[PDB]
């Protein structure tokens, strides 16, 4: 009785180019997806996703408990009070299956102005010892900028999709100040699998993570080839099929806000599947002070009554709400 979501494959290559009509044809497909289930697969994206998953896997499999404490966010290590976002999110054997490593803008160094100002949501990345994980930090920083580039292209598509000039979003998405994050998630195979780590949905479905709207402008996701996501529709949840060649894209609640919900932030959840897999989201966030004026594409005059929201405030509120609603990851 569980149906399958329409998730179109959209060749995004024209968004890297200068054929403006081809870009508009991409934008149309993004609009259509965004008004249907709210997910699509970006294909012909130019990122080497074989190397992403390989390098990600070598990390997760070889990091030791000593290293995880050293890298732990403050939820797992009281000594790390400045690590709210960036660092290692530990599994808890017998209790919590998932583990992950989050990093932010590589330009956030001790000498970046937002770090010197101690602005909330900005942190300096923490990295493992290079000798224990050769090439990992180089890999992960390069990956950040690779998915940054793709994301920039995607945002040109969303802008044209909504009738705006192509830099409408992208002009607020900058290497110097973006709050965007990468999370390298491992979902393990475990036998026996810990019951505490499996939630039961209202509809009976076993889940690893409950329903939510993403805290982002857009989310740009690579996952390995194990079907697990579901999107909510009026007729209930639908399976999103896996594709470990493409990036799965969806809007986050900042897009829904600024478009007067014309592009919804789709509600989605993660089914429990007992299988080793990877989930590598990139959360496209803008700069702390970025503000886009809301508008309503449905209205001839485009006007919305919604307040402009500063991205940094939105992000602070959102990440806290996620934790409170769905737990500490």
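Residue numbers count along the first chain shown, from 1.
Stretches compared: 187 to 195, 227 to 235. Higher mean C-alpha B-factor in the entry: 187 to 195. Set 268 to 276 against 299 to 307 and average the Cα temperature factors; 299 to 307 ends up higher.
Highest CA B-factor among the listed residues (146, 166, 99, 130): 130. When the C-alpha B factors of 257, 122, 112, 172 are read from the deposited coordinates, the top value falls at 112.
In the deposited entry, the Cα temperature factor of residue 70 sits in the middle third of values across the chain's modelled residues. In this PDB entry, residue 140 carries a Cα temperature factor that places it within the middle third of its chain's modelled residues. In the deposited entry, the Cα temperature factor of residue 134 places it in the highest third of its chain's modelled residues.
For residue 87, the recorded CA B-factor ranks within the lowest third of the chain. Only modelled residues enter the ranking.
In this PDB entry, residue 31 carries a Cα temperature factor that places it within the lowest third of its chain's modelled residues.
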